[PDB]
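Before any comments, here is the structure.
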Amino acid sequence: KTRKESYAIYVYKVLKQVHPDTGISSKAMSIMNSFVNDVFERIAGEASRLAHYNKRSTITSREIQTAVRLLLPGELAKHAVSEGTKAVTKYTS
Amino acid sequence: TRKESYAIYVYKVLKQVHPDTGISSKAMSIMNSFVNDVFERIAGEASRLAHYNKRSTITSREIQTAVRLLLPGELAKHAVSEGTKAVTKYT
Amino acid sequence: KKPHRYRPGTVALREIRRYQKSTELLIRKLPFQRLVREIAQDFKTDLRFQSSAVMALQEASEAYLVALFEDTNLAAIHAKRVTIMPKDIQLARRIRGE
Amino acid sequence: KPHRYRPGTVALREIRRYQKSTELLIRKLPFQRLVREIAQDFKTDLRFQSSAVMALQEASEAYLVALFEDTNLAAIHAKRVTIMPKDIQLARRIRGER
Amino acid sequence: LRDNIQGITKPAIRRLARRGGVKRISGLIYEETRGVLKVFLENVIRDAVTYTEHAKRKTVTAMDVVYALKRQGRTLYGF
Amino acid sequence: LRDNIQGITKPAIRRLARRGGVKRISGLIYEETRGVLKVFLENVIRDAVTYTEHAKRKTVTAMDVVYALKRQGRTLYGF
Amino acid sequence: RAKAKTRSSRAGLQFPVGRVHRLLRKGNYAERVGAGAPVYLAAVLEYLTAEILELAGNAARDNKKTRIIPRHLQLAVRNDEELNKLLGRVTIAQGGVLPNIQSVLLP
Amino acid sequence: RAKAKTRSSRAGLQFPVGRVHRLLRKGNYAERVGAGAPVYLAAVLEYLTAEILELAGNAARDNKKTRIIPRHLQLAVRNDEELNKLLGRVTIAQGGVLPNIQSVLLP
DNA sequence: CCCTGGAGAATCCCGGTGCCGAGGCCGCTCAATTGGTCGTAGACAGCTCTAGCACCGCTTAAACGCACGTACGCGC
């Protein structure tokens, strides 16, 4: 039928890469999909606002970096910056 | 350069209800900030409303739905009636 | 012969422990569903609600009321009390902004 | 003999005076230098505009005034007229801050 | 449909307070909690009504309930 | 710059509570009020720091503080 | 090129319909914006501006002032119930709060 | 053309970079979306997903459970002080709350 | 009146069933991927000039401190 966009399988590969011995129910899967989706609009909304405040038309890697510093607090942010920085350097290389 | 502001439009609204009262610059900045802040809430809600039903356009109903979602009580109904009267006069 | 006669408070604490670690919905389905329909019928008649739509409303209302009750309970010890009051809720809603 | 105002009369007079006057209660420079030392932990080479400190100061006081209103209401809720640090901690917890 | 505000029974309100760690529950709490729940439901469902009316739909879906809860800072996961 | 948390003096905290309708002020309130003021400032100013860093500027503007307060639901009018 | 008559005058409005339409276009909200969307947005903004100024002028007259000051705007917003809930999460500078005292705090 | 290698493997990630880029373009956020923005977005979402799942697995091991249930996700979010502040205004269905008792409420 | 032994009941650990939701497999198809091509936002370089930073008089209302007692927090 109609293909509905979801992160059901992608959370699963994340789960096995950090814990290859446990499973996850569909109700917990939908919550994780909801959690991923809700954070997605918050960062994109912050990045869209950040570009609008600087009169800039594109959303770059720095836009997401500032967005996750504003939303994620403290030590949770600094690993997200560290994980985000290592992703862009690997992608460019 | 030129800076966008709502200073003059609020002034004409002010005389249309009380022509005997003025306004200050600090009150003007708060009034400019109030209209701008509400503008992003209604447009942001209308942008979200269009995204929910896979709508690529924002119409008067998009603004109308955001009004009853944001404004509580009789304030929303008066705003809906004012917008409906303006829409009929415009069209 | 003598009845057990548990004193007030101890079984309530046991009910706290048995329900804080629990997962099932405390409010019954149909009484909450019927309350939704009569509230919606004041706003719009001939309106229907999906089973998962009522389910989504039920968990959100319970968690909001549970979080309100935690603020209601924490105000009681703040007021040197262990029994919640209707005025305790009114203070909680005012501080929360509601 | 001195007039010797009873405890509460002058405090009420300050309540009437400061709730209609929009003068800025915290002084400018003592609040301004507090911003510089707080922002020094994030950026050593940082500057602040005069309106930037002005915007921070009114927002902080209105948050503190709103917090004091919730703190005061908790005191009467707890059969008291004196605000307490535990009343502040209850206010942040109910509001979801701390 | 009348007198459905009593569907939230006294043990049901009691069980909800037990989840919140409430030691003792007064007899006047249940009437106040029902009024608080009625006010909270009257805001979320009305917001969901405008969401449903905007979609030209006659049945309120769970997705509109999520949007109604999200816009007031009470976002719900799992729908 | 050290010991600037004492810049919020005792009458200054007293004037804040009088605006809030507080009749009696405890002696331990000022230390607690300074703590919640430091925590609140450590969030808004840090948010404005990231706004200023992203804007390619070395001076924090009041405009950046406006979005810093707005994103936490504390929008300020009059800048 | 006929006579240039603003859409605000066509709808009986003072707020700029074209400016509201322009910010909707560059605000990155939606791919398309309708004709009545800025008309409805400006009418709601005009009503909110008129209602706030009406209560601010009434508060200014109560204080024997014929100029609107930020204290009057704060008094106008907080006194009116729907404006108080709508702007509950809104900070107003140079406005203060309502001059109310609790019953048990009175002598 | 060349082999259609995915951008997630090129960036060393599991979350789909192309899906994030497509939703950014169709989500009406900006006129353009940069190349590194979906890569940064995927890394942040993956780390947040990994941190929650690892804490949920620890909570599942605490009550000797193999399958992750929504109670485990709620317990993982509230126990972490970083996740608690991030999801303070977030309601989790079928999760309950933290099983704690006040000190004066104990027998 | 407080300390300690025995027993009633709700809760916790454990063996057996199984079942139904979760884990794994097959297409395959539609959205992710590859290459090229421009309009164009953006990084970079030089000017500047308007506002912030640092120090100085001063004076004066704001603030620290001490003496006293009565509204009030707290114990019972």
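Read-outs throughout are calculated quantities, based only on the coordinates presented, and are distinct from any laboratory measurement. Note: ideal-geometry Cβ built from the backbone for every residue, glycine included; neighbour counts use all protein chains shown.
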inquiry  = For a Förster distance of 41 Å, can you work out the FRET efficiency between the beta-carbons of residue B:37 and residue D:1, rounded to the nearest 0.05?
reply    = 0.15
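Sorting C:22, D:21, B:60 on the 10 Å Cβ count, fewest up front, what's the list?
Numbers: C:22 15, D:21 12, B:60 22.
Ascending Cβ contact count within 10 Å gives the list D:21, C:22, B:60.
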request  = Would you mind listing the distances between the residue E:24 label point and the same position in each other copy? Use 7 Å along Cα-to-C-beta, nm, one decimal, shortest first.
outcome  = 2.6
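What relative contact order, as a whole-number percentage, does chain D give when Cα pairs under 8 Å and 6 or more residues apart are counted? Please list the in-between numbers first.
On the way: 33 pairs, mean separation 16.3, N = 98.
Relative contact order comes out at 17 percent.
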request  = Give the shape of the protein assembly as shown as rounded, prolate or oblate, defined through the alpha-carbon gyration tensor: a ≥ b ≥ c are the square roots of its eigenvalues, a/c under 1.5 means rounded, and otherwise the shape is prolate if a/b is larger than b/c and oblate if not.
outcome  = rounded
remark   = Checking E:38, E:58, E:23 against a Gaussian network model of chain E (alpha-carbon springs below 10 Å), the top fluctuating residue turns out to be E:23
task = Identify the residue of chain E whose Cβ lies closest to the rotation axis that maps chain E onto chain F, and give that distance in whole Å.
result = E:73, 4
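Per residue of the protein assembly as shown, what 222 nm ellipticity follows from adding -39500 (n - 2.57) for every DSSP H run with n ≥ 4, rounded to the nearest 500? If you can, show how the numbers build up before the last one.
Values: 32 runs with 466 residues, N = 752.
That comes out to -20000 deg cm²/dmol.
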task = Pick out, from C:3, C:61, C:82, the residue whose Cα sits farthest towards the positive end of the charge dipole of segment C:1-93, with +1 on the Cβ of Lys and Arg and -1 on the Cβ of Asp and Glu.
result = C:3
message = Suppose you put the label 7 Å out from Cα in the Cβ direction; list, shortest first and in nm with one decimal, how far residue H:35 is from each other copy's label.
response = 4.5
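With charges set only on the Cβ (+1 for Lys and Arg, -1 for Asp and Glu), what does the dipole of the protein assembly as shown come to about its Cα centre, in debye to the nearest 20?
Numbers: 139 positive and 68 negative charges, 56 e Å.
Roughly 260 debye, rounded to the nearest 20.
Given an 8 Å cut-off on Cα distances and at least 6 residues of separation, report the relative contact order of segment H:12-107 as a percent. Could the numbers behind the result be given before it?
Numbers: 63 pairs, mean separation 19.0, N = 96.
After rounding, I find 20 percent.
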key: Residues in segment A:1-20 reached by a label modelled at residue B:54 [backbone nitrogen below 18 Å; 7 Å Cα→Cβ]   = A:1-7
note = The residues D:60, F:26, sorted from fewest to most surrounding Cβ atoms within 10 Å, come out as F:26, D:60
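For chain C, what does the alpha-carbon gyration tensor say about shape, rounded, prolate or oblate, given a ≥ b ≥ c as the root eigenvalues, a/c under 1.5 as rounded, and a/b over b/c as prolate?
On the way: a/c = 2.61, a/b = 1.51, b/c = 1.72.
Judged from the Cα gyration tensor, chain C comes out oblate (a/c at least 1.5, b/c at or above a/b).
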task = Quick one: with label points 7 Å out along Cα→Cβ, list the inter-copy distances for residue G:79 in nm, shortest first?
result = 5.5
message = Order these by the 10 Å Cβ neighbour count, fewest first: G:19, F:2, C:14.
response = F:2, C:14, G:19
request  = With a/c under 1.5 counting as rounded, go ahead and sort chain E into rounded, prolate or oblate using the C-alpha gyration tensor (a ≥ b ≥ c being the square roots of the eigenvalues; past the cut-off, prolate if a/b is larger than b/c, else oblate).
outcome  = prolate
query = Label-point separation (nm) for residue G:9 and residue D:21, each offset 7 Å from Cα along Cα-to-Cβ?
reply = 5.0
task = Taking the dipole about the Cα centre of chain E, with the C-beta of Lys and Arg at +1 and of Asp and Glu at -1, give me whichever of E:61, E:77, E:45 is farthest to the positive side.
result = E:77
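For residue D:81 and residue D:13 in one chain, what is 0.36 nm times their gap in residues minus the Cα-Cα distance, to one decimal in nm?
Contour length minus Cα-Cα distance gives 22.9 nm.
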query = Name the chain G residue with the Cβ nearest the axis that maps G onto H: which is it, and what is the distance in angstrom?
reply = G:28, 3
query = Dipole of segment G:38-107 (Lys/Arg Cβ +1, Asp/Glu Cβ -1, origin at the Cα centre): which of G:53, G:66, G:40 lies farthest to the positive side?
reply = G:66
note = Between the modelled labels at residue A:90 and residue D:51 (7 Å from Cα along Cα→Cβ) the distance in nm is 4.5
